[PDB]
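First up is the structure itself, then whatever we jot down about it.
Order of listing sets the numbers, starting from 1, for every ligand and every atom in it. Hydrogens, waters and symmetry mates are skipped; everything else that's a heavy atom, side chains included, is used. Residue numbering restarts at 1 for every chain, and letters A, B, ... go by the order of the sequence lines.
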2 protein chains.
Amino acid sequence: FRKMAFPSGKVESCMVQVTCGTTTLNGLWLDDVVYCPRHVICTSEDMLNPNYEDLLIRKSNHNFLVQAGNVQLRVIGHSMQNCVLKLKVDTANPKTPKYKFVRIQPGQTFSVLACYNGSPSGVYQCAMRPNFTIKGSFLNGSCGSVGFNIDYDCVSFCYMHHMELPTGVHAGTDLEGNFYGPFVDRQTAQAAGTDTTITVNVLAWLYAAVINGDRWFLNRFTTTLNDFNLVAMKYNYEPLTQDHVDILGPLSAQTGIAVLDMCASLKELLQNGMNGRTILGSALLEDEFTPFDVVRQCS
Amino acid sequence: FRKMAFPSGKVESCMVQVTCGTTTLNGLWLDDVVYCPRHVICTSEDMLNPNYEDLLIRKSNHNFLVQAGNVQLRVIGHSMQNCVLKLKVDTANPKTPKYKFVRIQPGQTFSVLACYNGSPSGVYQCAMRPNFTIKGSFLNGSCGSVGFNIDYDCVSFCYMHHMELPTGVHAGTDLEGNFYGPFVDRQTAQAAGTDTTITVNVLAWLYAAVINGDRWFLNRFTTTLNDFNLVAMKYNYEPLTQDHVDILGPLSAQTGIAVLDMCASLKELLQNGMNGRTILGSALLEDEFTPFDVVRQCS
Ligand SMILES: *[C@H](O)[C@H](C[C@@H]1CCNC1=O)NC(=O)[C@H](CC(C)C)NC(=O)OCc1ccccc1
Ligand SMILES: *[C@H](O)[C@H](C[C@@H]1CCNC1=O)NC(=O)[C@H](CC(C)C)NC(=O)OCc1ccccc1
């Protein structure tokens, strides 16, 4: 099984560039609103400790250069919502898809359309880590790139990119401008908390292995959810939620392997290792495939 | 550093559904021609051992149902070029990109847009293996999905999907209908030649590991090109040519690590193994990033 992004075309048609002075980044053009990171209004020097309310007071509509390719879209209104700017423009995007703004949970995956100067450059799958970072691939000028899922031609936007942490991982907001995690948009030294392994996704990957015939690791034991959660944390695995149990439902039904039975199989893998054996050809337990990713890739 | 695909929107606008009898697959709609695998004209019994020229002479234009979204396109002509069928339609694709048909070489990479019933489903990066298979994610109905590279508005189509081998790897043609590898479009179990590892790509990926702050595998040894190639061939790695050494030039200059110094690193890696350590989070030596892939992503 492979990491597979959603086709990016519906989002590509919504990418624009936003320039303030000499600072350019990307924006998301939906209907007659362009969404973008608010630090576009910062000069290099203002990014250490910016006062965004004060910086925005000095800006008018005419200070914002919004372009779709080289075609200017005139800004007729602006406001700030948390860490994002909303620039109302005079043209409704004719390629606006059916869309939603959603806030995802750690463990959930999404496709990222990496953009520079409003031009799409690449697409790849990311998982939100439990420490609310993503392991992305972003360069200078990538801010305003978005992450999304597509469900039946409806695009659910979940991520907008703002910053890189000193460990090389990345941090950003939802499309209402609220950061994932304890991060802020200031060019200050920030540290991601210690990360953990996404337990629900490892279990999804064990089900994927079982579906394909690799089931040596199935054992004869079961566990309670609470006992599993307490042992999992000793191995720096995330605890399972009730929602996690429910989204494993379809895979449990397909294989006939109860969710808590698979938890006991995983627990034995953590307490004893894999004893030189592999699962789906890998000696490592993969944790960036969700139960939906497994179902979507097998269907 | 992630496996990154090209944005797929320009190709999405070209995918259509092609039905003949009870067989359905995807087609690529460029200008007024639809390109699709020729086995669409085959029934179940036909597939087992088809005589394609004999099967195609007995087909009429109206035997082909081409659908672009909900709208049927009328077939007004049809010819066969090797394993690809060219259906002339009465409507030109209004969103035909600037495009070229190219045949790639083993070791080169491309993006795959996986499609079902003419609708795009996922996008991911593949490399043409030295044995001319690709390790894809394809299911029933995915034939006619295409692989491509994008260079400044120009889409270079290099692959069209036709089948899955018993080992689970995949085989297909260029857009002139010629298979990559010794394969045929017949429903029969076929084996590929013994595969080898793409050495120039492993070296590019090791440079990506260093660009991203990982150096544990480096050493103070050096090696000649020929002495490296002796060990490489012993481990079923493809030979490294002087052209490969040149293509790695920019990556060596960026890191200050001479290519033959990185070859000594890989030689030690091959002879000792990874000792259960990881490089860019991988327990295996990755060979599906070309030097260009690394440069584009890392700069
Ligand atoms: C937006 O394009 C840019 C994306 C960064 C740049 C390179 N790779 C990325 O992910 N975002 C920033 O440059 C961001 C702006 C702040 C106002 C949020 N600052 C940043 O990422 O630097 C982080 C940093 C923290 C502490 C010391 C030095 C740098
Ligand atoms: C086209 O949609 C389909 C794609 C395959 C189906 C499952 N995963 C894929 O990638 N191609 C075929 O079904 C292909 C048609 C032949 C006429 C070329 N046949 C095939 O892939 O099976 C080959 C095979 C034959 C005998 C034993 C085992 C495999």
Under 4.0 Å from a heavy atom of [X]: which atoms of ligand 1 are those, numbered in the order shown and with their elements?
{"X": "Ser142(A)", "result": "2 (O), 4 (C)"}
{"X": "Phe138(A)", "result": "8 (N), 10 (O)"}
{"X": "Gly141(A)", "result": "2 (O)"}
{"X": "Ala189(A)", "result": "26 (C)"}

Has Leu25(A) got any heavy atom lying under 4.0 angstrom from an atom of ligand 1?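 Checking ligand 1 against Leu25(A), which is what was asked, there is no heavy-atom contact under 4.0 Å.
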Option nearest [atom] (shortest heavy-atom distance, choices [options]):
{"atom": "atom 7 (C) of ligand 1", "options": "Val40(A), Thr23(A), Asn140(A)", "result": "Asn140(A)"}
{"atom": "atom 19 (N) of ligand 1", "options": "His162(A), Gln187(A), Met163(A)", "result": "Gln187(A)"}
{"atom": "atom 9 (C) of ligand 2", "options": "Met47(B), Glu164(B), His39(B)", "result": "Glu164(B)"}
{"atom": "atom 2 (O) of ligand 2", "options": "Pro50(B), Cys143(B), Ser44(B)", "result": "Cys143(B)"}

Hey, does the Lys NZ or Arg CZ of [X] hover above the aromatic six-ring of [Y], less than 6.0 Å from the centre and inside 45° of the axis?
{"X": "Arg2(B)", "Y": "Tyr124(A)", "value": "no"}
{"X": "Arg296(A)", "Y": "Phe6(A)", "value": "yes"}
{"X": "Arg103(A)", "Y": "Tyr180(A)", "value": "yes"}

Please state which part of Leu139(A) comes within less than 4.0 Å of ligand 1, counting heavy atoms only: side chain, backbone, both or neither.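 It is the backbone that gets close, since no side chain atom is under 4.0 Å.
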Do the ring centers of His162(A) and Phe183(A) come within less than 6.0 Å of each other?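 Distance test on ring centres: not under 6.0 Å, no.
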Do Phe1(B) and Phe289(B) have their ring centres less than 6.0 Å from each other?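 Yes, close enough.
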Could you report the tightest heavy-atom contact between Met4(A) and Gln125(A), atom names first, then the distance?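 Heavy atoms of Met4(A) and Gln125(A) come nearest at O-OE1, 3.3 Å.
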Can a donor-acceptor pair be found between the side chains of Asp54(A) and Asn51(A) at a distance below 3.5 Å?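 Side chains of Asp54(A) and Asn51(A): pair found under 3.5 Å.
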Which atoms of ligand 2 sit under 4.0 Å from any heavy atom of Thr188(B)?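 What qualifies from ligand 2 is 25 (C), 26 (C).
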Which of the numbered atoms in ligand 2 are below 4.0 angstrom from a heavy atom of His170(B)?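 Heavy-atom distances to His170(B) below 4.0 Å select 10 (O).
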In Å, rounded to the nearest 0.5 Å, how long is the span from CG of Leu28(A) to CZ of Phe101(A)?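 The CG atom of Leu28(A) sits 6.0 Å away from the CZ atom of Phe101(A).
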So for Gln190(B), does at least one of its heavy atoms come nearer than 4.0 angstrom to any atom of ligand 2?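 For ligand 2, residue contact (heavy atoms, under 4.0 Å) with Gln190(B) is absent.
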May I have the step-by-step check of side chain to side chain contact (heavy atoms under 4.5 Å, CB included) for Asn178(A) and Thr173(A), ending in yes or no? CA-CA 5 Å; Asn178(A) 288 313; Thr173(A) 65; 5.7 Å; no
